[PDB]
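K.L.:
Provided below: work.txt, containing compact mmCIF, C-alpha atoms and all ligand atoms.
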```txt
# COMPACT_ATOMS: atom_id res chain seq x y z
CA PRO F 1 46.45 73.25 51.20
CA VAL F 2 47.48 76.89 51.92
CA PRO F 3 46.23 79.36 49.21
CA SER F 4 48.62 81.16 46.82
CA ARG F 5 48.33 84.09 44.36
CA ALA F 6 50.56 85.39 41.45
CA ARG F 7 52.95 88.25 42.49
CA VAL F 8 52.26 90.00 39.13
CA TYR F 9 49.17 90.54 36.88
CA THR F 10 47.10 89.09 39.74
CA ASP F 11 43.74 90.72 38.90
CA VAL F 12 43.99 91.36 35.14
CA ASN F 13 41.04 89.05 34.32
CA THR F 14 39.08 90.17 37.40
CA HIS F 15 38.99 93.70 35.92
CA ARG F 16 37.81 92.69 32.41
CA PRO F 17 34.33 91.79 31.17
CA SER F 18 33.33 88.16 30.92
CA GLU F 19 33.63 88.19 27.17
CA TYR F 20 37.42 88.32 27.47
CA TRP F 21 37.85 85.21 29.61
CA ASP F 22 34.60 83.30 29.21
CA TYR F 23 35.69 81.15 26.26
CA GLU F 24 32.79 78.78 26.68
CA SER F 25 30.46 81.67 25.55
CA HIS F 26 32.80 82.69 22.69
CA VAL F 27 31.25 82.47 19.21
CA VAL F 28 33.56 80.78 16.72
CA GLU F 29 33.19 81.86 13.05
CA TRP F 30 34.62 79.77 10.19
CA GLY F 31 36.67 81.04 7.28
CA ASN F 32 36.65 79.39 3.83
CA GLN F 33 38.57 76.06 3.71
CA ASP F 34 38.48 76.47 -0.13
CA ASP F 35 40.90 79.49 0.31
CA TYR F 36 43.63 77.00 1.36
CA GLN F 37 45.46 74.40 -0.74
CA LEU F 38 47.34 71.81 1.36
CA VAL F 39 51.00 71.41 0.15
CA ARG F 40 52.68 68.87 2.48
CA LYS F 41 52.49 67.20 5.90
CA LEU F 42 54.83 68.87 8.43
CA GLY F 43 54.15 66.38 11.23
CA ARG F 44 51.62 64.73 13.58
CA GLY F 45 50.73 65.77 17.15
CA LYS F 46 48.83 63.95 19.98
CA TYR F 47 45.34 64.95 18.64
CA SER F 48 46.40 66.93 15.49
CA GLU F 49 47.94 66.83 11.93
CA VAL F 50 50.00 69.85 10.75
CA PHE F 51 50.28 70.88 7.08
CA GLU F 52 52.07 73.50 5.06
CA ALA F 53 49.43 75.21 2.85
CA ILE F 54 48.93 78.11 0.44
CA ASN F 55 46.30 80.78 0.92
CA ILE F 56 45.21 80.87 -2.78
CA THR F 57 43.73 84.42 -2.38
CA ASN F 58 47.14 86.07 -1.64
CA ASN F 59 49.70 83.30 -2.56
CA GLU F 60 51.03 83.31 1.06
CA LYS F 61 52.30 80.16 2.86
CA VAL F 62 50.37 79.23 6.00
CA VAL F 63 50.30 76.33 8.43
CA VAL F 64 47.03 74.38 8.87
CA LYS F 65 46.67 72.45 12.21
CA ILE F 66 43.84 69.91 11.72
CA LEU F 67 42.43 69.13 15.20
CA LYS F 68 40.85 65.77 16.17
CA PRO F 69 37.65 67.16 17.86
CA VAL F 70 37.96 65.34 21.21
CA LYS F 71 36.70 68.20 23.54
CA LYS F 72 34.82 71.29 22.13
CA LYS F 73 35.44 73.41 25.30
CA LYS F 74 39.27 72.95 24.84
CA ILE F 75 39.12 74.04 21.15
CA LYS F 76 37.06 77.16 22.16
CA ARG F 77 39.70 77.91 24.84
CA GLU F 78 42.66 77.72 22.40
CA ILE F 79 40.79 79.86 19.81
CA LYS F 80 39.77 82.53 22.38
CA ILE F 81 43.31 82.72 23.76
CA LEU F 82 44.83 82.94 20.25
CA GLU F 83 42.37 85.72 19.34
CA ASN F 84 43.09 87.61 22.57
CA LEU F 85 46.86 87.36 22.01
CA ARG F 86 46.87 87.97 18.23
CA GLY F 87 49.60 90.45 17.34
CA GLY F 88 51.46 90.21 20.68
CA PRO F 89 55.32 90.10 20.46
CA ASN F 90 56.53 86.66 19.36
CA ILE F 91 53.05 85.10 19.71
CA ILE F 92 52.06 82.85 16.75
CA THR F 93 49.38 84.58 14.63
CA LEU F 94 46.11 82.75 14.15
CA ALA F 95 45.27 83.82 10.57
CA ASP F 96 41.99 81.86 10.20
CA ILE F 97 39.70 79.16 11.63
CA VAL F 98 38.16 76.67 9.08
CA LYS F 99 36.03 73.52 8.97
CA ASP F 100 35.91 70.52 6.55
CA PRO F 101 32.19 69.95 5.80
CA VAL F 102 32.09 66.15 4.98
CA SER F 103 34.52 64.99 7.73
CA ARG F 104 33.18 67.76 10.12
CA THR F 105 36.72 68.63 11.40
CA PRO F 106 37.95 72.02 12.74
CA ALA F 107 41.34 73.43 11.69
CA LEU F 108 43.41 76.40 12.81
CA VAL F 109 45.36 78.38 10.21
CA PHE F 110 48.56 80.03 11.40
CA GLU F 111 51.32 82.22 10.03
CA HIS F 112 54.05 79.98 8.59
CA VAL F 113 57.46 79.93 10.31
CA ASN F 114 60.47 78.42 8.49
CA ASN F 115 61.52 76.50 11.68
CA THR F 116 65.27 75.77 12.03
CA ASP F 117 65.79 72.17 13.38
CA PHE F 118 66.41 71.66 17.19
CA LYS F 119 69.37 69.21 16.64
CA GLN F 120 70.69 71.74 14.03
CA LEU F 121 70.43 74.53 16.72
CA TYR F 122 71.98 73.45 20.14
CA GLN F 123 75.50 72.95 18.57
CA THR F 124 75.84 76.11 16.39
CA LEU F 125 74.18 78.57 18.87
CA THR F 126 76.61 80.86 20.72
CA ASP F 127 76.35 82.31 24.28
CA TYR F 128 74.93 85.52 22.65
CA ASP F 129 72.39 83.47 20.58
CA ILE F 130 71.13 81.80 23.81
CA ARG F 131 70.69 85.18 25.59
CA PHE F 132 68.99 86.65 22.48
CA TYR F 133 66.39 83.88 22.04
CA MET F 134 65.76 83.56 25.84
CA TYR F 135 64.94 87.31 25.81
CA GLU F 136 62.58 86.80 22.79
CA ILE F 137 60.70 84.05 24.76
CA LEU F 138 60.51 86.40 27.79
CA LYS F 139 58.88 89.08 25.57
CA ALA F 140 56.15 86.53 24.63
CA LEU F 141 55.67 85.34 28.26
CA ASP F 142 55.57 88.80 29.85
CA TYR F 143 52.98 89.72 27.17
CA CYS F 144 50.71 86.64 27.65
CA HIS F 145 51.02 86.85 31.50
CA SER F 146 50.11 90.61 31.24
CA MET F 147 47.05 89.43 29.19
CA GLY F 148 46.08 87.10 32.10
CA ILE F 149 47.14 83.90 30.32
CA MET F 150 49.48 81.09 31.45
CA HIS F 151 50.88 79.10 28.49
CA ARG F 152 51.35 75.86 30.60
CA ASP F 153 53.29 74.05 27.85
CA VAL F 154 56.61 75.93 27.47
CA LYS F 155 59.17 73.59 25.86
CA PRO F 156 61.57 73.61 22.85
CA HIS F 157 59.04 71.97 20.48
CA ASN F 158 56.64 74.84 21.21
CA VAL F 159 59.17 77.56 20.25
CA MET F 160 59.58 78.07 16.48
CA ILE F 161 62.77 79.83 15.43
CA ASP F 162 63.60 81.11 11.95
CA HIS F 163 67.35 81.49 12.69
CA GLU F 164 68.16 83.17 9.32
CA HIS F 165 65.73 86.02 10.19
CA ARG F 166 66.35 85.83 14.04
CA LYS F 167 62.53 85.42 14.34
CA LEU F 168 60.94 83.48 17.24
CA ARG F 169 57.27 82.45 17.80
CA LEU F 170 55.70 80.78 20.85
CA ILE F 171 53.17 78.19 19.56
CA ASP F 172 50.68 75.50 20.70
CA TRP F 173 48.35 77.36 23.02
CA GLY F 174 46.15 74.21 23.40
CA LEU F 175 47.00 73.87 27.12
CA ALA F 176 46.91 77.63 27.90
CA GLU F 177 44.49 78.99 30.51
CA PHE F 178 43.18 82.22 31.97
CA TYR F 179 44.62 83.12 35.36
CA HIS F 180 42.00 83.84 38.07
CA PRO F 181 43.35 84.43 41.63
CA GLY F 182 42.35 81.58 43.97
CA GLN F 183 41.34 79.23 41.09
CA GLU F 184 42.41 75.56 41.45
CA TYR F 185 43.70 74.24 38.10
CA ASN F 186 44.23 70.79 36.58
CA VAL F 187 47.85 69.72 37.29
CA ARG F 188 47.90 67.40 34.22
CA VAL F 189 49.47 70.11 32.01
CA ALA F 190 52.93 70.77 30.48
CA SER F 191 55.27 68.08 29.12
CA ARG F 192 56.92 65.74 31.67
CA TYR F 193 60.45 67.23 31.61
CA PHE F 194 59.14 70.81 31.91
CA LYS F 195 56.52 70.23 34.65
CA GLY F 196 56.96 72.46 37.68
CA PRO F 197 57.19 70.89 41.17
CA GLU F 198 53.69 72.40 41.90
CA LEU F 199 52.21 70.02 39.28
CA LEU F 200 54.21 67.01 40.47
CA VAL F 201 53.04 67.40 44.10
CA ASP F 202 49.38 68.08 42.96
CA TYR F 203 49.28 71.73 44.21
CA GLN F 204 46.43 73.17 42.10
CA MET F 205 46.53 76.92 42.97
CA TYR F 206 49.42 77.68 40.62
CA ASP F 207 49.99 80.65 38.29
CA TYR F 208 52.13 82.26 35.50
CA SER F 209 55.25 81.23 37.48
CA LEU F 210 54.75 77.65 36.17
CA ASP F 211 55.97 78.97 32.76
CA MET F 212 59.11 80.40 34.44
CA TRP F 213 60.04 76.93 35.78
CA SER F 214 59.62 75.47 32.25
CA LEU F 215 61.77 78.30 30.83
CA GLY F 216 64.45 77.49 33.45
CA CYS F 217 64.45 73.84 32.31
CA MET F 218 65.05 75.02 28.72
CA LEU F 219 67.87 77.36 29.78
CA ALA F 220 69.65 74.58 31.77
CA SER F 221 69.51 72.11 28.83
CA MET F 222 70.91 74.76 26.44
CA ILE F 223 73.80 76.12 28.53
CA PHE F 224 74.79 72.63 29.81
CA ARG F 225 74.04 70.65 26.56
CA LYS F 226 72.05 68.09 28.66
CA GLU F 227 68.71 67.46 26.95
CA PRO F 228 66.38 67.24 28.86
CA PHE F 229 67.95 68.64 32.04
CA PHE F 230 65.55 66.81 34.42
CA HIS F 231 65.07 63.40 32.79
CA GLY F 232 62.10 61.81 34.59
CA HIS F 233 60.66 58.49 33.36
CA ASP F 234 57.19 59.18 34.86
CA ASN F 235 55.58 62.06 36.80
CA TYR F 236 56.73 60.71 40.18
CA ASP F 237 60.29 60.07 39.00
CA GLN F 238 60.29 63.59 37.47
CA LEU F 239 60.12 65.07 41.01
CA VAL F 240 62.98 62.72 42.13
CA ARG F 241 65.15 64.03 39.22
CA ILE F 242 64.46 67.62 40.36
CA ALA F 243 65.20 66.60 44.02
CA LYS F 244 68.58 65.10 42.94
CA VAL F 245 69.65 68.69 41.92
CA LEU F 246 67.56 70.98 44.22
CA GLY F 247 67.79 68.63 47.27
CA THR F 248 65.05 67.10 49.48
CA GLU F 249 65.33 69.60 52.39
CA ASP F 250 63.94 72.50 50.28
CA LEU F 251 61.30 70.07 48.81
CA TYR F 252 59.90 69.48 52.36
CA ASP F 253 60.08 73.22 53.25
CA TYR F 254 57.95 73.83 50.09
CA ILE F 255 55.44 71.06 51.06
CA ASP F 256 55.25 72.51 54.62
CA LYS F 257 54.84 76.19 53.50
CA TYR F 258 51.77 75.26 51.40
CA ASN F 259 50.56 72.35 53.66
CA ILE F 260 50.79 69.97 50.66
CA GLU F 261 49.95 66.26 51.16
CA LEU F 262 52.76 64.27 49.47
CA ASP F 263 51.41 61.30 47.46
CA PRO F 264 52.27 57.83 48.93
CA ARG F 265 53.83 56.89 45.52
CA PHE F 266 56.80 59.10 46.67
CA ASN F 267 57.45 57.00 49.84
CA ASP F 268 59.85 54.47 48.25
CA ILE F 269 61.47 56.61 45.50
CA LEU F 270 62.21 60.09 46.87
CA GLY F 271 65.08 59.21 49.22
CA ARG F 272 67.43 61.90 50.63
CA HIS F 273 69.41 64.30 48.44
CA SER F 274 71.73 67.25 49.08
CA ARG F 275 71.51 70.50 47.00
CA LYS F 276 74.05 70.53 44.06
CA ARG F 277 76.10 73.60 42.90
CA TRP F 278 75.27 74.71 39.30
CA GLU F 279 79.03 74.79 38.50
CA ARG F 280 79.24 70.93 38.73
CA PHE F 281 77.25 70.71 35.39
CA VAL F 282 80.04 72.65 33.55
CA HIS F 283 82.21 70.57 31.19
CA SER F 284 84.62 71.09 28.25
CA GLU F 285 81.78 70.73 25.70
CA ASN F 286 79.55 73.43 27.32
CA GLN F 287 81.92 75.89 29.13
CA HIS F 288 81.65 78.46 26.20
CA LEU F 289 77.89 78.85 27.02
CA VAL F 290 78.24 79.14 30.81
CA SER F 291 79.05 82.32 32.74
CA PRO F 292 78.43 83.56 36.36
CA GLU F 293 75.47 85.70 35.04
CA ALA F 294 74.06 82.60 33.22
CA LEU F 295 74.20 80.45 36.42
CA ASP F 296 72.80 83.27 38.65
CA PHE F 297 69.84 83.73 36.25
CA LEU F 298 69.21 79.93 36.15
CA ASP F 299 69.33 79.69 39.98
CA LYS F 300 66.62 82.42 40.15
CA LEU F 301 64.22 80.40 37.85
CA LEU F 302 64.73 76.83 39.09
CA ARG F 303 63.22 77.14 42.61
CA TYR F 304 60.61 74.78 44.19
CA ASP F 305 58.66 77.70 45.63
CA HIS F 306 56.63 79.07 42.68
CA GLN F 307 56.36 82.45 44.51
CA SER F 308 60.20 82.88 44.78
CA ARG F 309 60.89 82.48 40.99
CA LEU F 310 61.59 85.59 38.90
CA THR F 311 58.58 86.91 36.99
CA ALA F 312 59.05 87.35 33.19
CA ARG F 313 59.55 91.13 33.71
CA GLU F 314 62.09 90.60 36.56
CA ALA F 315 63.91 88.04 34.35
CA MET F 316 64.15 90.62 31.51
CA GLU F 317 66.03 92.97 33.91
CA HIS F 318 68.67 90.32 34.84
CA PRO F 319 72.40 91.03 34.04
CA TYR F 320 72.38 87.91 31.80
CA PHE F 321 70.50 90.10 29.20
CA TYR F 322 72.63 93.29 29.43
CA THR F 323 74.23 92.36 26.04
CA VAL F 324 71.02 91.70 24.00
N1 LIG U 1 41.03 73.13 -0.31
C1 LIG U 1 41.78 71.95 0.20
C2 LIG U 1 41.49 71.67 1.65
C3 LIG U 1 40.76 70.55 2.04
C4 LIG U 1 40.42 70.33 3.36
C5 LIG U 1 40.83 71.22 4.36
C6 LIG U 1 40.43 70.95 5.77
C7 LIG U 1 40.71 69.72 6.37
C8 LIG U 1 40.38 69.48 7.70
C9 LIG U 1 39.76 70.47 8.45
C10 LIG U 1 39.45 71.68 7.86
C11 LIG U 1 39.78 71.92 6.54
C12 LIG U 1 41.61 72.32 3.97
CL1 LIG U 1 42.34 73.36 5.15
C13 LIG U 1 41.91 72.56 2.64
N1 LIG U 2 62.27 74.40 18.38
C1 LIG U 2 63.45 73.93 19.12
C2 LIG U 2 64.22 74.95 19.93
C3 LIG U 2 65.60 74.82 20.04
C4 LIG U 2 66.35 75.68 20.83
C5 LIG U 2 65.72 76.72 21.53
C6 LIG U 2 66.52 77.64 22.39
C7 LIG U 2 67.38 78.57 21.83
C8 LIG U 2 68.03 79.51 22.62
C9 LIG U 2 67.81 79.54 23.99
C10 LIG U 2 66.97 78.61 24.56
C11 LIG U 2 66.33 77.66 23.78
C12 LIG U 2 64.34 76.85 21.39
CL1 LIG U 2 63.54 78.19 22.14
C13 LIG U 2 63.60 75.98 20.62
```
For this file, write the structure as structure tokens.
Ligand SMILES: NCc1ccc(-c2ccccc2)c(Cl)c1
Ligand SMILES: NCc1ccc(-c2ccccc2)c(Cl)c1
P.N.:
Amino acid sequence: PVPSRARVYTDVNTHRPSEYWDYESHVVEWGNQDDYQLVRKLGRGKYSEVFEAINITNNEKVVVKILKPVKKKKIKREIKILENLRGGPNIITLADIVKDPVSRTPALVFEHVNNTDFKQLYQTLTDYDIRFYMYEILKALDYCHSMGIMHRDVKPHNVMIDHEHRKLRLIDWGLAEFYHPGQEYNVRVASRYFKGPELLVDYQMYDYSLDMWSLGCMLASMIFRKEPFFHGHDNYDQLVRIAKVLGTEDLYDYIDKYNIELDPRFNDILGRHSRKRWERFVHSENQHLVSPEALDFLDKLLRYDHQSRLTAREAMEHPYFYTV
């Protein structure tokens, strides 16, 4: 394959000492698990259990994410990234890191967010509310990309919103990684519906722009009330769903530009598809959320070529946000 490099924040890690990005060498220090009283279970993740808790020293609510220690290197990575990003705009705050002695289990302690339900959001949110929260996510992405970090798991479940206080936090940094120009990354990242074409075609030299594709998927589902927008049933079918909207001609131009070898599993499923106009997804139920500025902004995010997508900073300057 042909090499690629990010158009922005290309060398931010190159120009910092190893301590910043070498998470494997990072020394993790535990807090006191006895400072936290678990209140209730909030839910269960792939390799984690999330609880609402009280910090008994200051009577503040916190969230405790109990990790199933499957890979130590991955836990060190999440911790180092959370420490590096601590205090950034709309980044979840890691308040503490604790361990249970007997069970020998690590846990991350976060600021608590009174999360407004997803199904309770996409019907009451206005055109303004969509622009407002999209801009809040862009603040978090431009910040983490400026800090040389790709989130790699942008999706609705990883965006906590306290609607009453118009407060947004980008969470679950467990798949995040440091961007190093020329580095070949694992493509088995992000959640199916939000995976960029780069991942689906096994193009490893990707960058922060992967997050901009995921953001585009979120925007499309919100303005069109079609959740998820690209409904793949497996990773191969996910590319077919994208190709049914973006068309197969541009898919091959992308493969040719980067000299990508297309997996034989695509042979019988990809077919031939024209490019669809964004206006065809407009209906009576969603027309109050769609505007020419909304469709122009979406068109500039949902592009096969990872290099041709708007950066988070370029996205923030789009006319779609003139009212926020
Ligand atoms: N003081 C009550 C209590 C008990 C166990 C844990 C715990 C569980 C798993 C991993 C780390 C800590 C915590 Cl956070 C609090
Ligand atoms: N935690 C679920 C959820 C629901 C809706 C949105 C949203 C809101 C406005 C614009 C785009 C997405 C987000 Cl960011 C998260």
K.L.:
Throw together the list of residues within 6 Å of ligand LIG 1 (chain U), counting all atoms listed in the file, and drop it here as an MDAnalysis selection string.
P.N.:
chainID F and resid 33:34 36:38 66 98:100 105:107
K.L.:
Store the residues of this selection in a file with C-alpha atoms, as a short mmCIF file (atom, residue, chain, number, x, y, z; two decimals), in the frame of the given file.
P.N.:
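Output saved as part_20.cif:
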```cif
data_model
loop_
_atom_site.label_atom_id
_atom_site.label_comp_id
_atom_site.auth_asym_id
_atom_site.auth_seq_id
_atom_site.Cartn_x
_atom_site.Cartn_y
_atom_site.Cartn_z
CA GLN F 33 38.57 76.06 3.71
CA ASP F 34 38.48 76.47 -0.13
CA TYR F 36 43.63 77.00 1.36
CA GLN F 37 45.46 74.40 -0.74
CA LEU F 38 47.34 71.81 1.36
CA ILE F 66 43.84 69.91 11.72
CA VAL F 98 38.16 76.67 9.08
CA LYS F 99 36.03 73.52 8.97
CA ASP F 100 35.91 70.52 6.55
CA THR F 105 36.72 68.63 11.40
CA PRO F 106 37.95 72.02 12.74
CA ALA F 107 41.34 73.43 11.69
#
```
K.L.:
If you count only C-alpha atoms and all ligand atoms, which residues end up within 8 Å of ligand LIG 2 (chain U), as a list in words?
P.N.:
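Answer in the requested format: residues 115, 116, 117, 118, 119, 121, 122, 125, 129, 130, 131, 132, 133, 134, 137, 155, 156, 157, 158, 159, 160, 161, 168, 218, 219 and 222 of chain F.
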K.L.:
Go ahead and compute the interatomic distance for atom CA of residue F:142 and atom CA of residue F:7, in Å to one decimal.
P.N.:
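Taking atom CA of residue F:142 as the start and atom CA of residue F:7 as the end point, the length is 12.9 Å.
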K.L.:
For residue F:207, please output as a list in words all residues within 10 Å (counting only C-alpha atoms; exclusion window: fewer than 6 positions along the same chain).
P.N.:
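So, after excluding close chain neighbours, the residues are residues 4, 5, 6, 7, 8, 10, 145, 148, 149, 150, 151, 152, 177, 178, 179, 180, 181, 182, 183, 184, 185, 198, 306 and 307 of chain F.
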K.L.:
List as a VMD selection string: which residues have an atom within 10 Å of (63.3, 90.2, 26.2), counting all atoms listed in the file?
P.N.:
chain F and resid 89 131 to 142 312 to 313 315 to 317 321 324
